[PDB]
Amino acid sequence: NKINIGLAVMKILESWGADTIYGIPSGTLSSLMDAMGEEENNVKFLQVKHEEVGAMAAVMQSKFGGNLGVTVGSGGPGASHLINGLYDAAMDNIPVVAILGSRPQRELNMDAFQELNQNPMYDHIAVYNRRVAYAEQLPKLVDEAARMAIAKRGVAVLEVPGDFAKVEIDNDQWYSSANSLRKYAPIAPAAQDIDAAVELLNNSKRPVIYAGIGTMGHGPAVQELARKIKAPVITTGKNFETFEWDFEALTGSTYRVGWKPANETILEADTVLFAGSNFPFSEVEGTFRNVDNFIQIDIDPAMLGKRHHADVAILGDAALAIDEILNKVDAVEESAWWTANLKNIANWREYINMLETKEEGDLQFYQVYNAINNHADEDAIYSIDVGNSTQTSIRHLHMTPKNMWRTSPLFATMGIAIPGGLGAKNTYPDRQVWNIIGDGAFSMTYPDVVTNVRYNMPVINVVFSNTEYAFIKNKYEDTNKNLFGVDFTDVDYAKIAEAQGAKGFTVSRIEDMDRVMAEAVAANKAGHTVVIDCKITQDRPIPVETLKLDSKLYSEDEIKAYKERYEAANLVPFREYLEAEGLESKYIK
Amino acid sequence: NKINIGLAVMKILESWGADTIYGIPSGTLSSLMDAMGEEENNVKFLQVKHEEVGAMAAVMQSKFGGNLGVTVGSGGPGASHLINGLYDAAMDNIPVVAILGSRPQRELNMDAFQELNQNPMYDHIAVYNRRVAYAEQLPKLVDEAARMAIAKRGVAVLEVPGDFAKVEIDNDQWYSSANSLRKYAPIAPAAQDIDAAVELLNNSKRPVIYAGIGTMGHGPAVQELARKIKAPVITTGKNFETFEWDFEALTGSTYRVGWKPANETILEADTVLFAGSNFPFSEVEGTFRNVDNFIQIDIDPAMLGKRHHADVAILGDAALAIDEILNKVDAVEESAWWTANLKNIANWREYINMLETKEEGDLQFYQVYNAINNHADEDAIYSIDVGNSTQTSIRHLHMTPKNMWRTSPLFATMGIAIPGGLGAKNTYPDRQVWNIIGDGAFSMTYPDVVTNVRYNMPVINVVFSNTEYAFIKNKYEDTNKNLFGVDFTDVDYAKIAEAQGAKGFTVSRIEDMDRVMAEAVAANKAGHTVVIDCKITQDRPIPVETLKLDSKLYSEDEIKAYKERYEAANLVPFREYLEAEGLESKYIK
Amino acid sequence: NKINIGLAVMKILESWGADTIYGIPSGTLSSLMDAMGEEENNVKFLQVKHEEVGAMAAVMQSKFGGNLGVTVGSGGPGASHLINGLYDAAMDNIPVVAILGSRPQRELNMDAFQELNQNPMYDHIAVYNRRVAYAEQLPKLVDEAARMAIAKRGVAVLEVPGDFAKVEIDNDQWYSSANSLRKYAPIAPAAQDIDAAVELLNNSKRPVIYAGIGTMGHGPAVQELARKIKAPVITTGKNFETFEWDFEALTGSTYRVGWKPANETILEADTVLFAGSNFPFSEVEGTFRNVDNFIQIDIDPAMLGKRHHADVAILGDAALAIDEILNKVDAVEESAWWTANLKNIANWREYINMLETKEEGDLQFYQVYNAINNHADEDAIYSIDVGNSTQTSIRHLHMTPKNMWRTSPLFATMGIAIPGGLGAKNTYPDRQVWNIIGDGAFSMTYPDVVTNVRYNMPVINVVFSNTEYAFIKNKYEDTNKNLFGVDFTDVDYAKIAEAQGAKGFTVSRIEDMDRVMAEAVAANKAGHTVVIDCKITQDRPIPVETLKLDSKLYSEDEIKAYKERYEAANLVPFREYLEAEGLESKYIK
Ligand SMILES: Cc1cc2nc3c(=O)[nH]c(=O)nc-3n(C[C@H](O)[C@H](O)[C@H](O)COP(=O)(O)OP(=O)(O)OC[C@H]3O[C@@H](n4cnc5c(N)ncnc54)[C@H](O)[C@@H]3O)c2cc1C
Ligand SMILES: Cc1cc2nc3c(=O)[nH]c(=O)nc-3n(C[C@H](O)[C@H](O)[C@H](O)COP(=O)(O)OP(=O)(O)OC[C@H]3O[C@@H](n4cnc5c(N)ncnc54)[C@H](O)[C@@H]3O)c2cc1C
Ligand SMILES: Cc1cc2nc3c(=O)[nH]c(=O)nc-3n(C[C@H](O)[C@H](O)[C@H](O)COP(=O)(O)OP(=O)(O)OC[C@H]3O[C@@H](n4cnc5c(N)ncnc54)[C@H](O)[C@@H]3O)c2cc1C
Ligand SMILES: CC(=O)c1sc(CCOP(=O)(O)OP(=O)(O)O)c(C)[n+]1Cc1cnc(C)nc1N
Ligand SMILES: CC(=O)c1sc(CCOP(=O)(O)OP(=O)(O)O)c(C)[n+]1Cc1cnc(C)nc1N
Ligand SMILES: CC(=O)c1sc(CCOP(=O)(O)OP(=O)(O)O)c(C)[n+]1Cc1cnc(C)nc1N
Ligand SMILES: [Mg+2]
Ligand SMILES: [Mg+2]
Ligand SMILES: [Mg+2]
């Protein structure tokens, strides 16, 4: 007639679909874990080597479309180790339950061993943050923690004295509210707002669609609208998978982790259809400084008019809004604007393709991605870390909506890749998973490669060894009138992988890349976790946030040096393509 | 006539003796670092692979008697990575300056990239926590940060917008208050309080001295007092180096990370001289439940009467107090109490020595320490990690005041060892440094082994590979009516070390341990960082917090099993030694 | 071509409808206020005597259906004084912008006069909490503060260095996003969920509708449903105005601030239609312990299944849900259940009416309310303070949807009444406003009576002088086996009102109450603020949370004493009415 509180907690977690708990065992968590596996319960424990990797995996699990993740941290140091993963979830508004273990109740406030008040730890970023006051309410609080993490789209934190889960209660003294879980269906936009948008788009001479992840699942519709009104497409760094990598009108993304086309288009555009985005560089980089009209679509009222004055605001689902717009807007037969953009994009793709298809020489980022493109499954999942890998992956990977690409986009914590792969593979065990990592970030997390090995969750780690914290050093050449402290010694990551039970590869030449990738993938299909140590050059990826190509903006000397350093001799400034179509730059005089 | 704000900051840090900054480069920290090395400034940057290791090294640097440490974390993820190191410093009351990099001022509050309010992050544990409001006051705030960290004995945190250090100011618009640094000299205790202590000690039939780190530097005096009044000595887990490892009257420490003698003595004692300690298990483990009188010595008023009712309270330096007491107290010629304790200690040392000196078989903790004892320098420094290593090191290392032993004693974060070695070697470059680590903790920090290699700071890493998070699993056998999730796969750490430019060794047999240690030390003296992968058994160290040896407390079956499992056939319960001297247990009936 | 930042802020506030700022002038707020009134701006300043009254008025302004309120607090003490008002808004989820003045930027971090970090002050309860980093972004942050307070339904806090508002900017460097303000229209519920509800209601033998403020604006529909299926109605303490005070099937509210009928009905009910409520006593008072089925309607997913296991969960507007249910459910011709409830309600109304209509004697709460009922406008607004006034007002006021009743229901801060009247009168200048206050709460706020006088915002303060903190003392008789410290001396509040420029009245006899109220109202219509000092008895209002009337639950002695003390000789326990209709209590045996 009674049940162990720990088993009740597992039953509740199971009811909310939270069937995986990431973490490291602890005395302050013994009771909870001791209950795992009872009465046919299916909540599994995935042991990591560093609690931050567990927290990040639990979060990335949801990012990749998986179930609500749960992460545990032992009282004190275990709990504090969850921070980078929780801050990432908070900034990305991703649901995740964090359980902080604690000393038994009798020890609280006694200044005992590893005994402290952990309530302040995550109060600032959490949507729910409580210290269980007595054993009997633990089930209710775990249930609410799940409900709140999901409803508030954020981090739900519970501090749990270690002695509570051992307590027993009547089976009728607990319940799950998972059965009452309800979510709102996509909301249609106000016709009045769609019409105002249509009018502006019809009258615009240089329209451009800036699509954020709010357009996820509606890329075809966005591409259709783009072609109907001849409006080029700009995407955000988080939304590339939404488009066919080779879409004729895709200009890429603006600023640093972007493409040349996008950065030029935005400064020449008249009307922007800001769809489902909260682009953070908007104000500080003056992204929309030359735009005449601004139309925004978003399901969140707090975002309407946030990044720029909105001439038209549309509250509602991006899909529905795009569909309504597509159907009501006037078709455009030809546009000098569209034609110039297509050619500018084509020019950029020539540049990118020639870099990717070199046949011999010292290995660069480009050829590694080329190889990934020639060997990856069409529905491959990419877990991207922070640094040059982010910048290059969205330029050189050839994705489509069949893929998934995720990173730590806003908080931007390094080391998100390996955890990303764990959450992905846990969700899709038969799906090919890639972790694209810089050596600096890999260095903050490679001990967890063994986790994939131990749990038979085969992933392919691609490590870019340039022996520098490049993303910073590269920028140091600009912002810094010096440099200093951005390089380190190279280590044999392939050998480290072997020591961990993984399969390691080392490659440093372009002419060996295709074979190495072939062998790495074959190994992954043999059930092995792989680490490809790519010893690349220190060539800095082309900095499209500072395009030194237009002779009316930079000196010939500057242009020559820029072309030379970035192998961009054939890149043509957008103004040339505009003028060829009889148009004039609206800001370059 | 002007100076770069960044150079001013370095000059101020240099004036406070803070000549080393630990961290990882960042765009949000570029300005500050760019200034390092100018105008003959000698503030060096030590690059780590994970910011938590940098934060911990900066803290351990002071713990080991070094200069004020400085740690940097890039805005957001870099800063949050400092947490485990800062919480350790906070709980241990260790001075440390933490600089959090941040987006440029113009980006603050704009919800820009990696832009957030970091003030809440460490407000709870810091003694100083401010966000620089404008460039010109950065020097003043760094100066105050140093002054406050030192005066308040804690964490001083500054959030610094990345664009401030580039600003220039008049040389007369900044100054360091380091020249005004003043500290109080040891304060003599009130004679009235010393006399009350003396009277109690003179009249006590079973005195015992419980010495905490407040007695650091006065071990000889404590040993002299112990012999004068025939009072055995109990130490805290943090204070072993204060005594000669083989002192005839040293009973060790109480509770889990302790010895058998100490745990028995405390339950049989009448009067306790609690000198310079804030022992955290006092109340929750009922350490002093059978004590009749309690005398406390401490320089901190907040501690007087905290762990137990104090019959006599002495405010002042432990050295001075011990000296005053020693001189005024009556000499004791013989004591049945003393005699029984000495024999109980001798019995324990027989047990410990026989474990350490085995000649053949599967390697255990014991023989690794035996080897360390036979090959280490007499002034060696030991950086101890958290787990079975802590428990075993204080039982098997043969230290004296010439040594230094430090860990993460209260917050108890794993992974403190490697950082400890960095701070130690940075402070004493020609001194032998040992990092004693469990494989679980090593797994949270081994990527930083390369840091010692890269910076030519040779250390000896001793890794205990039992393929479990033993300290927890061991206790799981008691507290848990099950277990689960406490084991992992073994990895070749020696091979990982080689891949990092370090020298690796692997040992699994007792008969090879002496030679392996010899070769490891010789390598360390050759300037190499070493990793000794000790493949040990899963034998649980004897649990002295639950001594099942007295037939009046446990069944014969229990005693037999306990002796069998812990190879303690020859250990004799303290009550036998007491009775042999004509005394009776005061609680065992 | 340029504009003062302060004027820009006022223009933005005006665009969001925030035309009133409550507070007290300050050096740290001088710049902002100095700009009020410029270029035809219409943002007015309402000066209070205590900043907490200003914060509460700004909040109550929205509670009463007014515009977004703004409250200001001078750096340090002025800002901290806002706390009770902000916590009330936070717990009630009411939008409000709070501006904290601060020392000029140059003084920040200098430990200057009244200079401190106010970011921690309200971080825990705010939905937006930032310190303006530079003058130029102040406009953008005020605009976002308004947008966020509204979108997040909570407290938006901005700390503003006093020197920023003086700075000038280009008119094109600021904009308001108020034009993009959009809100979701009522969402229809899932038909599947409505049908499950209907089925349960059709099959229920004892249905009951528990309506919270989510049903606001749909009382007629709720009353119609109640009559159609013969389900009595229970309301929450915040939702009385939604029903006609004399609705035949209104049982009142459960627990302490409730009626006898409601408290009995809930323990005898089978199926509950929990509509638009988040009743806080649910679990701790076991409100639904005897209920068989539970159906919940709410627009917030986080609330579904929170207060009790939900057999049916309906996500969507309460109006739409009630309408769908009303139309699909089966009509019920007669019900023994309904009949018994109506008679129990009628019995309660006989009791209440006889108390209210006494003709002579010492004045009690009852006759004051009787008088208010006979003289108040039909659309009067009632601002209720915390204490016996809350308990009694919902029992003795005769409200309808034409009225508005508001208090501090969850955080429950005393002193909310006067601020409530200010916000109400500011919103509806020609509407009759009543402040019902206990003397204890009046004592925390009467200096602000002058505010109504000074700003010609005539209100009627009704003060219940029982010279005790009754709501507590009353309960002290139960929970406390003593009492102590709950009484104080009586003061002449009428005389205090006169000293403040208000009109004071004093009444202590039932036979004078009608005339006094008549004269008080006539004075209010003469444009004067009135204070009616009601010297009442210390008679404790009947405690319906402990009904000692059923002989099968209490001894005859207890019942006699209960009837005697609360003049309830004629109250009949519900079980009698149930049995008379051939039904049996489901829990009283
Ligand atoms: C090292 C690094 C460098 C980077 N560099 C760049 C860079 O140069 N350029 C760049 O663009 N990014 C860059 N990023 C990523 C960048 O920081 C942002 O995270 C990203 O651009 C935000 O993209 P977003 O607008 O698509 O989505 P979010 O910021 O997640 O916003 C999505 C919006 O969509 C709305 N929404 C959600 N669902 C719907 C729906 N159904 N209908 C309508 N609206 C909906 C939401 O309410 C929200 O407002 C970088 C990241 C890293 C780690
Ligand atoms: C995994 C793990 C297990 C552990 N297990 C144990 C265990 O079983 N048993 C155990 O004992 N410890 C154990 N520890 C260590 C333990 O948690 C405490 O940190 C330690 O015992 C505190 O020792 P202390 O009293 O010497 O010093 P502190 O707690 O640092 O207190 C020192 C006191 O000395 C005072 N003081 C300082 N200078 C002076 C002066 N000049 N004169 C006078 N007073 C002065 C201070 O004000 C303070 O009150 C463990 C640690 C870990 C990480
Ligand atoms: C001294 C004091 C004593 C008190 N004593 C009592 C007492 O004895 N009994 C009592 O009942 N109260 C009492 N109260 C008030 C009590 O504390 C609660 O604040 C009140 O009962 C909450 O009422 P509620 O459920 O209507 O609304 P709320 O708690 O405000 O919850 C309203 C719910 O409606 C939902 N909602 C909003 N709009 C819609 C919509 N359009 N459609 C559907 N759902 C919607 C919301 O999401 C929310 O879940 C007392 C207050 C004080 C100050
Ligand atoms: C964006 C940001 O803040 C970056 S990008 C970057 C370079 C990463 O180097 P890696 O070697 O992994 O990759 P590479 O650029 O390909 O060489 C650093 C150090 N940072 C700062 C930083 C520091 N520390 C942490 C934990 N997270 C971040 N994001
Ligand atoms: C004390 C405490 O909280 C311990 S002791 C311990 C076992 C350490 O295992 P390791 O393999 O390093 O050593 P071993 O015991 O010799 O096998 C754990 C997991 N914990 C919990 C824990 C978790 N995570 C972190 C960051 N710090 C701590 N202290
Ligand atoms: C509910 C709650 O917490 C109450 S009800 C109550 C009695 C109020 O006395 P008053 O004289 O105003 O009214 P009366 O009951 O009619 O005599 C007190 C002191 N409290 C505690 C309390 C204390 N202080 C403040 C600021 N707010 C509250 N709510
Ligand atoms: Mg790199
Ligand atoms: Mg281990
Ligand atoms: Mg009163």
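Below, each value reflects all heavy atoms present in this structure, side chains not excepted, and no hydrogens, waters or symmetry copies. In listed order, ligands and their atoms are each counted from 1. Residue numbers start from 1 in every chain, and the chains themselves are labelled A, B, ... in the order their sequence lines are given, proteins ahead of strands.
The line from NZ of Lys49(B) to OH of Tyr446(A) is 9.5 Å long, rounded to the nearest 0.5 Å.
Checked options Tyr469(A), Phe464(A), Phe488(A), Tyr493(A); the residue passing with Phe442(A) is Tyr493(A) (criterion: ring pair (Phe, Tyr, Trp, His ring centres under 6.0 Å)). Considering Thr254(B), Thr235(B), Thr265(B) as possible partners of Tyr210(B), the one that fulfils the side-chain hydrogen bond (donor to acceptor under 3.5 Å, both in side chains) test is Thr254(B).
Annotation: cation-pi pair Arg256(B)/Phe471(B) present, NZ/CZ under 6.0 Å from the ring centroid and within 45° of its normal.
At a 3.5 angstrom cut-off on N or O pairs, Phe113(B) does not count as close to ligand 4. Looking at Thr413(A) next to ligand 4, no N or O pair under 3.5 Å apart turns up. Between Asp439(A) and ligand 4, at least one pair of N/O atoms sits closer than 3.5 Å. Not one N or O of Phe488(A) is nearer than 3.5 Å to an N or O of ligand 4, by distance alone. Between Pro77(B) and ligand 4, no pair of N/O atoms sits closer than 3.5 Å. For ligand 4, the polar-atom distance check finds an N/O of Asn466(A) within less than 3.5 Å of one of the ligand's N/O atoms. Every N/O-N/O distance between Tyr469(A) and ligand 4 stays at or above 3.5 Å. Backbone and side-chain nitrogen or oxygen atoms of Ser26(B) are examined, and none is located within less than 3.5 angstrom of a nitrogen or oxygen of ligand 4. Looking at ligand 4, you'll find an N or O of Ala441(A) within less than 3.5 Å of one of its N or O atoms. In terms of polar-atom proximity, defined here as any N/O pair under 3.5 Å, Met444(A) makes no such contact with ligand 4.
The heavy atom nearest to atom 13 (O) of ligand 4, considering only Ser389(A), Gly438(A), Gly76(B), is found in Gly438(A). Among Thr287(B), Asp385(B), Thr236(B), the residue whose heavy atom lies closest to atom 23 (O) of ligand 2 is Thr236(B). Across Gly258(B), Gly237(B), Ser253(B), heavy-atom proximity to atom 12 (N) of ligand 2 is greatest for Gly237(B). The heavy atom nearest to atom 10 (C) of ligand 2, considering only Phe279(B), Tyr255(B), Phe274(B), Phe113(A), is found in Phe279(B). Of the options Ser408(B), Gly214(B), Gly27(A), the smallest heavy-atom separation from atom 36 (N) of ligand 2 is shown by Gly214(B). Comparing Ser277(B), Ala275(B), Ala412(B), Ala318(B) by heavy-atom distance to atom 43 (C) of ligand 2, the nearest is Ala318(B). Of the listed options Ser74(B), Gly440(A), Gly78(B), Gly440(A) places a heavy atom closest to atom 11 (O) of ligand 4.
Protein heavy atom closest to atom 48 (C) of ligand 2, with residue, atom name and distance, is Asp298(B) OD2, 3.6 Å. Counting protein heavy atoms only, atom 18 (C) of ligand 2 is closest to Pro280(B) CD, 3.8 Å. Residue, atom and distance of the protein heavy atom nearest to atom 9 (N) of ligand 2 are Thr254(B) O, 2.9 Å. Nearest protein heavy-atom contact of atom 41 (N) of ligand 2 is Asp317(B) OD1, 2.9 Å. Considering only non-hydrogen protein atoms, atom 16 (C) of ligand 2 sits nearest to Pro409(B) O, 3.6 Å. What sits closest to atom 38 (N) of ligand 2 on the protein, heavy atoms only, is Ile299(B) CD1, 3.5 Å.
Under the 4.0 angstrom criterion for non-hydrogen atoms, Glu51(B) is in contact with ligand 4. The shortest heavy-atom distance from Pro25(B) to ligand 4 is under 4.0 Å. Ligand 2 lies out of reach of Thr407(B), whose nearest heavy atom is not under 4.0 Å from it. Residue-ligand proximity: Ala211(B) is placed with every non-hydrogen atom at 4.0 Å or more from ligand 2.
When non-hydrogen atoms are compared, ligand 4 lies under 4.0 Å from the backbone of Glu468(A) (N, CA, C, O) but not from its side chain.
The atom of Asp439(A) nearest to the Mg ion (ligand 7) is OD1, with the search restricted to N, O or S atoms. Note on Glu468(A): its N/O/S atom closest to the Mg ion (ligand 7) is O.
A salt bridge links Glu241(B) with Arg406(B): the closest approach of a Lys/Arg side-chain nitrogen to an acidic carboxylate oxygen falls below 4.0 angstrom.
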Open item on the list: Between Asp111(A) and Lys306(B), does the salt bridge (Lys or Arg N to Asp or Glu O under 4.0 Å) criterion hold? Intermediate values first, please.
Closed with: CA-CA 10 Å; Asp111(A) 287 314; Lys306(B) 170 172 179 52; 2.7 Å; yes

